[PDB]
Amino acid sequence: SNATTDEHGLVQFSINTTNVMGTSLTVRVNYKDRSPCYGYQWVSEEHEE
Amino acid sequence: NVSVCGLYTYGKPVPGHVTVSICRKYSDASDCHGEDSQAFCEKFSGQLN
Ligand SMILES: *[C@@H]1O[C@H](CO)[C@@H](O[C@@H]2O[C@H](CO)[C@@H](O[C@@H]3O[C@H](CO[C@H]4O[C@H](CO)[C@@H](O)[C@H](O)[C@@H]4O)[C@@H](O)[C@H](O)[C@@H]3O)[C@H](O)[C@H]2NC(C)=O)[C@H](O)[C@H]1NC(C)=O
Ligand SMILES: *[C@@H]1O[C@H](CO)[C@@H](O[C@@H]2O[C@H](CO)[C@@H](O)[C@H](O)[C@H]2NC(C)=O)[C@H](O)[C@H]1NC(C)=O
Ligand SMILES: *[C@@H]1O[C@H](CO)[C@@H](O)[C@H](O)[C@H]1NC(C)=O
């Protein structure tokens, strides 16, 4: 599920509880990866998730 | 020391406003869709005698 950053760059949300046990939650944003110039290059914009 | 001339027949030179350069660089792994892969430059100007 996508959403947009409200004032002061922020987003609150909730999710449905019906699975196994350990629940992994990651959040990606503007530029989900670094496809152009990768593997071969030596310097890049390593932005955190 | 570096020099540049211009002739054609019987060594008759021709006069002109030369604009020589000497750009130089390191490795070539930043061009994989990455601008400014070619490192810093150097340039000169003058007239031919
Ligand atoms: C972020 O997530 C959003 C939701 O997954 C994406 O927005 C789009 O939201 C609409 C509606 O929920 C999806 O459906 C389209 O609707 C239009 C028009 O239908 C409208 O009218 C009926 C009336 O009965 C109403 O019930 C509907 O809810 C609508 O308001 C149709 O013409 C389309 O064919 C389509 O069915 C979109 O599918 C959805 N987009 C996507 C890509 O899933 C939003 O795009 C997401 N953000 C990004 C950046 O992708
Ligand atoms: C080429 O560059 C050198 C300077 O780097 C000029 O000077 C000569 O330097 C050497 C040093 O071992 C001397 O033996 C020469 O005698 C110097 N030249 C003269 C004219 O005495 C050299 O002149 C430059 N040549 C040109 C054609 O510009
Ligand atoms: C969400 O949780 C509600 C709890 O009332 C449940 O009835 C519903 O089926 C769940 N839906 C999904 C898609 O998990």
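For chain B, we keep the numbers from Swiss-Prot: what you see runs 247-295, in order.
Cβ coordinates come from backbone N, Cα and C, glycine included.
Sequence annotations record features per position, and here Swiss-Prot assigns disulfide bond to B:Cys269-B:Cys287 based on experimental evidence. The N-linked glycosylation site annotation in Swiss-Prot covers B:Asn247 and is backed by experimental evidence.
B:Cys287 (disulfide bond) sits 18 Å from B:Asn247 (N-linked glycosylation site), taking the CA atoms of both as reference points.
When the alpha carbons of B:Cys269 (disulfide bond) and the residue listed as 'N-linked glycosylation site' are compared, the span between them is 16 angstrom. A Cβ distance below 6 Å to any atom of ligand 2 is met, among the recorded positions B:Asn247, B:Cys269, B:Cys287, by B:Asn247. For B:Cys287 (disulfide bond), other Cβ atoms within 10 Å of its Cβ number 10.
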